[PDB]
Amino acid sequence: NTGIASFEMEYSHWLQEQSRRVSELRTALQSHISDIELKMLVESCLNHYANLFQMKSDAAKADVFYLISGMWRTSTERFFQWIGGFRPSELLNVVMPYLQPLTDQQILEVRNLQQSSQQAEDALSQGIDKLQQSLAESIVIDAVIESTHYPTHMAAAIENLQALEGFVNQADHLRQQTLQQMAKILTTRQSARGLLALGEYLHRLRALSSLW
């Protein structure tokens, strides 16, 4: 599959650029980086995640079931995975202590963002659950007849799986919206601390299957 081959190599380069951004963040939060310089770094990290979503959107058009299944990810990432990636509300919870100290108004805005994300996440999962039910109904009809002498639902099951493409894209849109709203709630230094903890966590997660 040419598209997935293209994706795996783009993702390999994405991870290397991501590692550079995380190192820049780690050094910036120890250096005398100016505020405007740190604003541009924060924007570059957000832009780098937007490029991930664009790559994934193109991979979804070549093989959305491969993308959803996360076999391009590690075993540990797959343990946590939700619709091609992570749930944004859970990543927010993971980094939340490393943003502190936040004002009470910011903490409440972060919590309202996490709740709104949790509801959007559940709506998408309930949508996927509806697609799975329709696939299951197609499949059991073919399974109880069990004969190629009688027409099957194979075309309809493929279209069911192809509809996952819209769920991947909307999950990535949610991830993007949560990143961007977090960048509006947080000061620049708080955003940098958040992206630092986020990036280090995602990196460390990957190299955890070796540990087990």
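Numbers follow the displayed sequence, beginning with 1.
- Comparing 96 to 104 with 70 to 78, the higher mean C-alpha B-factor in the PDB entry belongs to 70 to 78.
- Looking at mean Cα B-factors across 151 to 159 and 176 to 184, the upper value is held by 151 to 159.
- Within the listed group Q30, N51, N169, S44, the record reports its top CA B-factor for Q30.
- Among all modelled residues in this chain, the alpha-carbon of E17 has a temperature factor (C-alpha) in the middle third.
- The deposited CA B-factor of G84 belongs to the highest third of values across its chain.
- Among the modelled residues of its chain, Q119 has a C-alpha B-factor that falls in the highest third, as given in the PDB entry.
- Per the deposited record, the Cα B-factor of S134 falls in the middle third when ranked against the other modelled residues of its chain.
- When the modelled residues of the chain are ordered by their C-alpha B factor, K56 lands in the middle third.
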